[PDB]
Structure formats: C-alpha cells, structure tokens
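As structure tokens, one chain now follows by itself in the form deposited in one PDB entry.
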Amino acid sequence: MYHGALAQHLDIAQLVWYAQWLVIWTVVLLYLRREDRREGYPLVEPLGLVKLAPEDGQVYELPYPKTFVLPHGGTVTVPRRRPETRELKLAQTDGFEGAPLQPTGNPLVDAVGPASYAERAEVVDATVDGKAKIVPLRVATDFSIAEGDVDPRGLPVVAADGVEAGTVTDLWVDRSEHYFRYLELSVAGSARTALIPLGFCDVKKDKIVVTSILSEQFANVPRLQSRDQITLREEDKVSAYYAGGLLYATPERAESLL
C-alpha cells in the first residue's frame, strides 16, 4: 500500500497540483487584474453613446470602490469618474483609430504629449505634521547643503544651445525625505524665477547644464501661484514642461534618430 494513494490512479499531490493552479488564477484574474483597473477605467471609445444603461463588461472588470481617508483631511475613492476636461490642442493625423495625434500649436505651453501634466489637486503636499513639504532654502533654514557637495546658488544655468540662461538662486528641498528636488533660477533678461527638477540638471562645479530645453524656452516655464510653496499640480506642470522638451525643443528631436 501507498501513502498518498487514492482510488483509481489518483494521488494527493496530483490534486494539490490542480488546486494550486486554481488558487493562482483566482488571485491573478479575479483580484489582481481588477486592482489594476482602479485608474483610467472605464475606458473611452470613439464616443460610447449608450447613455441609458452600461455595457456589462465594464461593470465586471471593476472592483468594488475603496476609500482612502487622507492624512490632512479628505477622502479619495477609486475608481471614480475622472474625465479630462481641458481642451487638448491636438489633431488626428488620420482616420484610423490608433493613429497618432499632432500638436496644433506650441506643445510645451499647450501641455500635450510628453509635456502633458496630470490634473492633480491644486494643494501643497504636506509634511507629517502639516507643514509645506517642498519649500526653498530661504524658508527651510534648518536645512543645509551637505559638507562636500556643490552649492549651486550663484552658478549659471547653461541650456541646450550653450547659452547662459540664468542663475541658480535657490534649492527647493523635500522636508519629509531630506532630498533636494528643484533648483530655483532667475531667467536672464525677463525678471522672473523658474523651477527646474534636479533630474534635468547636470550639476557641475562651475555651471548647471540643462539639455532638455533651449535657453529661449526658459521664458514659458509654468509659473507658480506663490513664491515659497508649490502645489502637486504645479509640480506636474513644471516637471512635464522640461520632459516635453526632450521630444519637442527642436524639430529634429521628434523625427527618427536614424
């Protein structure tokens, strides 16, 4: 006789094999893939017009909503109705359903393609105890640059065309993570300030290289509502601006590298 044997050529391990596959596909299909749909769903079509009743598959693929109670008041429920209001200045290259769109105006200012920003809250991201998290050093006076690293305040910013475009006046720091996230710079010849994400910054000892945009393009970097704080949407607006430059700053950057 045999441990694990069952009637007529079955055995325990053979059953567990089937059980295990079932468990996996259950978690993957009925749980994980629905969690994946808590953003961006329901999908959009060349106008889905059935306004009276919903199509069955769009109800089945969604999970039951969940609510996050936010740390400084508020709740967010996902998934939810979140359509893109803004007029996108794009035009259809063709009639085909998955053909790309072309920008109609100036894609950096018009904030399309790689220059698009999410419609995040117009609120300032906060520290654990309520303060503005992302502030420049004029405000965050107990934060310093660390012993050994370039202090960029004073250094020039050189844009992609080798042209000095302004002077770094300040660094904005993340007070929750102790991490510098933007440099503030004066834009030469236009008497305004502008924020740059450090990820677009090549920090040298004598200058700050910025290859994402041209010197002239520092004029139209999105402006903040306030001098000394920034909202999550403004952070998106600012970061997206330079990313747009990677593809749009010159005509030649959109076309094939070879």
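Between two forms, the rigid core is the largest collection of C-alphas that superpose within 1.5 Å. Each residue number is its position in the shown sequence, starting from 1.
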_Other PDB entries, at least a third, lacking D56_ = yes
*Among the other PDB entries compared that flank it on both sides, is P46 unmodelled in a third or more?*
yes
*When the C-alpha temperature factors are averaged for each of 142 to 150 and 82 to 90, which stretch ends up with the higher value in the entry?*
82 to 90
*Per the entry, where is the mean C-alpha temperature factor higher: 32 to 40 or 52 to 60?*
52 to 60
*Consider only the C-alpha atoms of the modelled residues in this chain, order them by B-factor as the entry records it, and name the third containing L247: lowest, middle or highest.*
middle
*Ordered by C-alpha B-factor within the chain, which third holds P65? Give me lowest, middle or highest, please.*
middle
*Within this chain, which third does the Cα B-factor at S176 fall in: lowest, middle or highest?*
lowest
*Mind checking which third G166 falls in for C-alpha B-factor across the chain?*
lowest
*Sorting the chain's CA B-factors, does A191 end up in the lowest, middle or highest third?*
highest
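The following text describes the form deposited in another entry, which does not appear among the structures shown.
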_Flagged residue of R153, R80, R138, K131 - C-alpha shift reaching 2 Å or more between the shown form and the other one, core superposed_ = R80
*Regarding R86 and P107, go with closer or farther for their CA spacing in the other form versus this form, the difference being 3 Å or more.*
closer
_What direction does the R80-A126 Cα distance move in the other form compared with the shown chain, closer or farther, given a change of 3 Å or more?_
closer
